[PDB]
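Taking the form deposited in one PDB entry, here's one chain by itself in structure tokens.
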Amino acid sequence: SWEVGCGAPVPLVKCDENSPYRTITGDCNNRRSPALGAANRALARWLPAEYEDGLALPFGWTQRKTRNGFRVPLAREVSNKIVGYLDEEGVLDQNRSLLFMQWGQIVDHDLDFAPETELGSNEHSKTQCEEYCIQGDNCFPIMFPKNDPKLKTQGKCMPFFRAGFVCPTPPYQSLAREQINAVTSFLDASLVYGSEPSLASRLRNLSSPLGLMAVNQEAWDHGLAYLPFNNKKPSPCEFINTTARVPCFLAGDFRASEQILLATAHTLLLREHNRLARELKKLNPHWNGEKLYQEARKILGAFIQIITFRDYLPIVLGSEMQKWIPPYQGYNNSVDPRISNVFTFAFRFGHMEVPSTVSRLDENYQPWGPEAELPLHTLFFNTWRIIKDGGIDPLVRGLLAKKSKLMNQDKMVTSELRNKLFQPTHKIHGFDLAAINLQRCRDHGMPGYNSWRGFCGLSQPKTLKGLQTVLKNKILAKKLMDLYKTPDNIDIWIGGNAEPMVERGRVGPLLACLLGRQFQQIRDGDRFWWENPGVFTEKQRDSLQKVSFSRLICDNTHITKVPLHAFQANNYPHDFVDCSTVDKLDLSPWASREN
């Protein structure tokens, strides 16, 4: 039996098929298979799921059951031994701005989201997990190893809930557990507009026929818009400062307020949509709000597509860019547009690019007041520092003039993320992203490192000397072998990130292959790809080729000096030009005359 039966919690719809606009859900992109790429379906499997019991139990569940006759090391143990480091001196990427890091998380959030199992909506199951560290059902807690400082200070574990899976009521037959992607697999600005019709409607300005996205009515950034507040309570953004009591933002994506630079980016994108809609109302005063919303949405979509493929991927993939993403040859309806389970771990390379501090800079790119530089951990679920402390302009200057962290085999993930992460359900700056990433690899039935090396046509190291040669690093290979005993058991997230970077890139070979193939598919398999003939006119495409992140800032802030190349390391003033010398988006080719 072959089964494409099971996928229950989804909006059902007849496909228009002649619409010039994407659906919100991602449905109807592929005409032969309308649900391919749509939200709230299984992540694609490039390799079959690997579970302790072949169905659903992750490796490390049953203390006793081995992986290939070896115990899997505790997620927190791998983190402590390998992923941690003390000295932030010298850690920064000398040719990547903070914008590099930040764009990664933006693209990631557009493509995939595997939300944790709910069921704990006013729940004692939450209690049995957080308080008593009791493994069972969806509680798969991260146990602290012996000697862990957090033993003395937090408890025996970090609580952890397993990712949502298709059929919370399956098809009754007997298959491996498959995690849901709650967002559209297409690069379509879903993190702005929503992947769900109901939310997408609530986000819109339906009071005026002007195709605008709803803006905050309680607060402004010197006349420029903020996202509306999420009024769902209790609010983690209120909790981190109950005096200020500034809630999280309401965005097309649940995660928009996770950290202040991500919230900033979401603000930049919402502003660009409203500016697009107003400029298109000027050109085409006969266009209704629906037409305005879709045409702006359609441009903003291509903008993300263009920045990602022209500016971002080449400086991630380096020498491997052309190998995996050759020049476009048009829409191929046989290409799987869906995001793979493994992709959602490969792209978490970004967690090694986040540095320990965030700066606010003034109009001369100097420290903005006495508390300019803040530790990252103070900025998780932090909206009050935007609303109540200078708006987004000072944070955007930091995005341009400050640097991403470089991935370092000895300095992988800053303590701000490894020890002081805040989760929106919980009350402590006490969680470990690197431990959560390793736990999540097991939750999702990820094959091992050598499985993936194999998939990518790379040598599979089986011995100490073998791993040393792949990693070009004797000590890291050793620490790995002592923890995992065989490279076969190395969880894909630490495995891929352990590899030294390709020439001119910021990931190693295994990650370049996994990311390369996914981005080749998200392009080739996308009927509404901006370069697909008929999606835009040839002239609209000439206009679009001129977009830049620098211009988005010029058009949606009060910053007047910006670099030409916003992703490379730029110092003020040598590398900054006045905004008037930056190419604009010419919207004249969107003019629509009935005569």
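Sequential numbering from 1, following the sequence displayed. Only the largest set of C-alpha atoms that superpose within 1.5 Å between the two forms is called the rigid core. Residues that one form lacks are left out of the comparison.
Below, we turn to the form deposited in another entry, even though it does not appear here.
Superposed on the rigid core, the two forms differ between the shown form and the other one by 2 Å or more at the C-alpha of one listed residue only; from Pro424, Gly466, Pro170, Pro228 that residue is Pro170. The rigid-core alignment places the CA of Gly7 2 Å or more apart between the shown form and the other one. Between this form and the other one, the CA-CA gap for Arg32 and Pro170 widens by 3 Å or more, being larger in the other entry. Here's the thing about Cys6 and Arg32: their CA atoms end up at least 3 Å farther apart in the other entry than they are in this form. In sequence order, 1 to 9, 167 to 172 are the runs of at least 3 consecutive residues whose Cα positions differ by 2 Å or more between the shown form and the other one once the rigid core is superposed.
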